[PDB]
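Novice: For the record, the sequence lines run as chains B and A.
Take the first sequence: its position 2, counted from the start at 1, is 90 in the deposited numbering, and no numbers get skipped.
Take the second sequence: its position 163, counted from the start at 1, is 252 in the deposited numbering, and no numbers get skipped.
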Amino acid sequence: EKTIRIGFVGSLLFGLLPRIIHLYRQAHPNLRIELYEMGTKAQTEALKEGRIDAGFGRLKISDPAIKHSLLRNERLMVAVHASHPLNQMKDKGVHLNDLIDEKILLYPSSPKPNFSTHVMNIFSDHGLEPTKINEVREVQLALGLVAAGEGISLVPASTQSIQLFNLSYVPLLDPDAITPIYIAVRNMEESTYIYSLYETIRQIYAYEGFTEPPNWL
Amino acid sequence: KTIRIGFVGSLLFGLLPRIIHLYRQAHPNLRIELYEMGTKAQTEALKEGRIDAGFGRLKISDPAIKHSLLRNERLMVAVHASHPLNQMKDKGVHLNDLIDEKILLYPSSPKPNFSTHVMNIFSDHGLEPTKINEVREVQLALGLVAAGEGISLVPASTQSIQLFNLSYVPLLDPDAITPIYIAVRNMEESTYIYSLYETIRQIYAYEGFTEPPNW
Ligand SMILES: [Cl-]
Numbered sequence: 089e090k091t092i093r094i095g096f097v098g099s100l101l102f103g104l105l106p107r108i109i110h111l112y113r114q115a116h117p118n119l120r121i122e123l124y125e126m127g128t129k130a131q132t133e134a135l136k137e138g139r140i141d142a143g144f145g146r147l148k149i150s151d152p153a154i155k156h157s158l159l160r161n162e163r164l165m166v167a168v169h170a171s172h173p174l175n176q177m178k179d180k181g182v183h184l185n186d187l188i189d190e191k192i193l194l195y196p197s198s199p200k201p202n203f204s205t206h207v208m209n210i211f212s213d214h215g216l217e218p219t220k221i222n223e224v225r226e227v228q229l230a231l232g233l234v235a236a237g238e239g240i241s242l243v244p245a246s247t248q249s250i251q252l253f254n255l256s257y258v259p260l261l262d263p264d265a266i267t268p269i270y271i272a273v274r275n276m277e278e279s280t281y282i283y284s285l286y287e288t289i290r291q292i293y294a295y296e297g298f299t300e301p302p303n304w305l
Numbered sequence: 090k091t092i093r094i095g096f097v098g099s100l101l102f103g104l105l106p107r108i109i110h111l112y113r114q115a116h117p118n119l120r121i122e123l124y125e126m127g128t129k130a131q132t133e134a135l136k137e138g139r140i141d142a143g144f145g146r147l148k149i150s151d152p153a154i155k156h157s158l159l160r161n162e163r164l165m166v167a168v169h170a171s172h173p174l175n176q177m178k179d180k181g182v183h184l185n186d187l188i189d190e191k192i193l194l195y196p197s198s199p200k201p202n203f204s205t206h207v208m209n210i211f212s213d214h215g216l217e218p219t220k221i222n223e224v225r226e227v228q229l230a231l232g233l234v235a236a237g238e239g240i241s242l243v244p245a246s247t248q249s250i251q252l253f254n255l256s257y258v259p260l261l262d263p264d265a266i267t268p269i270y271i272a273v274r275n276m277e278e279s280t281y282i283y284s285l286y287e288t289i290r291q292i293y294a295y296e297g298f299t300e301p302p303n304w
């Protein structure tokens, strides 16, 4: 009875993480896999304290006691109501500077830095100042509120797992309108079980046709 | 000209957003404030005047509050594509087929909540799930199911979320359903609330659903 504990940001369950876990489980039938939802920031102390062994997060927070590998970047999209003018560009995409005067829903509401830190930074990076920002608890809430007419939201491509009536996802074309997925571990040599997790990630990414790959070590 | 609406978050996967949007369009001078909260919290929020209408998954009887059952949603079983239960997707399964499986209950908010009704419908027929685990919200349950951890009972509107190798299987028990309520203060007579009711009626009519009662 050996155990690996994995922390993850909840919204990563809309992407490739469940496939990664499922394959990892098939490869390690004797392994107990414990899954703990937590924000990226929370994963730092969880790793240092040994409450988790690896953390899937959406940014890199530097702490000397942990280390990181960039798995991949997801494209950001603009979630809009179907009646919004922006939806006419659904098949071609828009840019950050098209969004400045819109009501933007940011998320999550957990301690900073979090997903939304980078979102605001990419605006600032090009001298853009969004004039109307609201923070909500998590992405699926933001999406439901967009469908209800509450504004727009910048969301990872993976959230297209959620399809709602009159909700549309519009591509964001700025090359830096992307959001990273990181794996974080203690700053020491990975265990055999963590190395196996890396290989499982590599395998799922190979199925998706991603190239790096990814990268790794 | 401000209306405050409380809602259970998972209701945003069904008809509620299109109801709110149609309602909003018809009231350009109305400020709509939307508050995510469990059904238990809506009851106190209504009595305390913090919201004007609450959309919930259950009825908490209180003399200060009046409820209207909008409709019942079918419950479905979320399973991994490879799960034996997914071989009965066309015909459906019954609650008594689920009893030996690891069932993911949710949410972890204060009780009573959606998981209360789910466990009650088993209890109502002398069925006791042998393996249960409570998770925070529906998307955690769904992701864990897709990851191979267990199964979950969910409202049919959950099918708005489609994950790789996640399948939804109909339940056949007539009472394997989950209600959607609107709750308002007992002496509520606001024109904006009347309009909200009528907007629900319009959307339901378009969907071919039964027309909700009083009002
Ligand atoms: Cl989120």
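Ideal Cβ positions, reconstructed from N, Cα and C, are used throughout, including at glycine.
1) What ranges does the beta strand (DSSP E) occupy inside the stretch 166-250 of chain B, keeping only unbroken runs of at least 3 residues that lie completely in it?
2) Indicate whether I92 (chain A) and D141 (chain A) have their beta-carbon atoms separated by less than 8 Å.
3) Suppose you measure from the CA of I94 (chain B) to the CA of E122 (chain B); what does that come to, to the nearest Å?
4) Using the rule of at least 16 other Cβ atoms within 10 Å of the residue's Cβ for burial, across every protein chain shown, is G98 (chain B) buried or exposed?
5) Taking CB distances under 8 Å as the criterion, tell me whether residue 35 (chain B) reaches chain A.
6) Around the Cβ of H110 (chain A), are there at least 16 other Cβ atoms within 10 angstroms (buried) or fewer (exposed)?
7) When you compare the stretch 126-143 of chain B with the stretch 269-287 of chain B, are there three or more beta-carbon pairs, one atom per stretch, that lie closer than 8 Å?
8) Any contact between the stretch 235-255 of chain A and the stretch 244-255 of chain B? By contact I mean 3 or more CB pairs, one from each, below 8 Å.
9) Would you kindly report the start and end of the unbroken alpha helix (DSSP H) that includes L105 (chain B)?
10) Could you name the residues that DSSP lists as bridge partners for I94 (chain A)?
11) If you drop the 5 nearest sequence neighbours on each side, which residues of the same chain put their C-beta closer than 8 Å to that of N303 (chain A)?
12) Can you give the Cα-Cα distance for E162 (chain A) and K155 (chain B), rounded to whole angstroms?
13) Using a Cβ-Cβ distance under 8 Å, would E125 (chain A) count as near chain B?
14) Are there any heavy atoms of ligand 1 lying less than 7 Å away from the beta-carbon of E226 (chain A), as far as the coordinates show?
15) Any contact of the stretch 101-108 of chain B with the stretch 223-239 of chain A, i.e. 3+ C-beta pairs under 8 Å?
16) Does the stretch 275-292 of chain A touch the stretch 189-202 of chain A, meaning 3 or more C-beta pairs lie closer than 8 Å?
17) For a contact defined as C-beta to C-beta under 8 Å, what are the partners of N254 (chain B) on chain A?
18) Is the shortest distance between the beta-carbon of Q176 (chain B) and the beta-carbons of chain A less than 8 Å?
19) Based on Cα-Cα distance, which residue from B:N118, B:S204 and B:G138 lies nearest to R225 (chain B)?
20) With distances taken from CA atoms, which of B:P117, B:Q114, B:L100 and B:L147 is nearest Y124 (chain B)?
21) Check whether the Cβ of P106 (chain B) lies closer than 7 Å to any heavy atom of ligand 1, and answer yes or no.
22) Taking the alpha-carbon of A265 (chain B) as reference, which of B:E278, B:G127, B:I221 and B:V243 has the nearest alpha-carbon?
23) In terms of DSSP beta bridges, what is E162 (chain A) paired with?
24) Looking at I192 (chain A) and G239 (chain A), is the spacing between their C-beta atoms short of 8 Å?
25) Measure the Cβ-Cβ separation of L231 (chain B) and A167 (chain B) and say whether it is below 8 Å.
26) Rounded to the nearest angstrom, what separates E133 (chain B) and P301 (chain B) at their Cα positions?
27) Would the C-beta of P218 (chain A) count as close to ligand 1, meaning under 7 Å from any of its heavy atoms?
28) For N202 (chain A), is the classification buried or exposed, using 16 other Cβ atoms within 10 angstroms of its Cβ as the cut-off for buried?
29) DSSP three-state label for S284 (chain A), please.
30) Does the Cβ of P218 (chain A) have 16 or more other Cβ atoms within 10 Å, making it buried, or fewer, making it exposed?
31) Report the residue from B:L135, B:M126 and B:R160 whose alpha carbon sits nearest the alpha carbon of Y293 (chain B).
32) Hey, quick one: how far does the alpha helix (DSSP H) through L135 (chain A) stretch, first residue to last?
33) Please indicate yes or no: does the CB of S249 (chain B) lie closer than 7 Å to some heavy atom of ligand 3?
34) Could you tell me which chain B residues have their CB closer than 8 Å to the CB of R225 (chain A), listed as they occur along the chain?
35) Taking the alpha-carbon positions, what's the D189 (chain A) to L216 (chain A) distance?
36) Quick check on the DSSP output: the beta strand (DSSP E) that includes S256 (chain A) runs from which residue to which?
Specialist: By the coordinates alone:
1) 191-194, 220-223 and 241-244
2) yes
3) 6 Å
4) buried
5) Residue numbering for chain B in the displayed model covers 89 to 305; residue 35 (chain B) lies beyond these limits and cannot be assessed.
6) buried
7) The stretch 126-143 of chain B is in contact with the stretch 269-287 of chain B.
8) The stretch 235-255 of chain A, when compared against the stretch 244-255 of chain B, does touch it at the 8 Å Cβ threshold.
9) Going by DSSP, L105 (chain B) is part of the alpha helix (DSSP H) stretching over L105 to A115.
10) A:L123 and A:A142
11) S157
12) Distance from the CA atom of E162 (chain A) to the CA atom of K155 (chain B), rounded to whole angstroms, is 46 Å.
13) yes
14) no
15) With the cut-off at 8 Å, the stretch 101-108 of chain B and the stretch 223-239 of chain A touch.
16) Short answer: they don't touch.
17) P106, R107 and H110
18) no
19) B:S204
20) Of B:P117, B:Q114, B:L100 and B:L147, the smallest CA-CA separation from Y124 (chain B) is found for B:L100.
21) For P106 (chain B), the distance from the CB to the nearest heavy atom of ligand 1 is not below 7 Å.
22) The option with the nearest alpha carbon to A265 (chain B) is B:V243.
23) Bridge partners of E162 (chain A): A:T267.
24) Here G239 (chain A) is near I192 (chain A), since their CB atoms are less than 8 Å apart.
25) yes
26) 29 Å
27) no
28) buried
29) helix
30) buried
31) B:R160
32) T128 to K136
33) This structure lacks ligand 3; the ligands present are ligand 1.
34) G98 and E125
35) If I take the Cα positions, the gap works out to 10 Å.
36) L255 to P259
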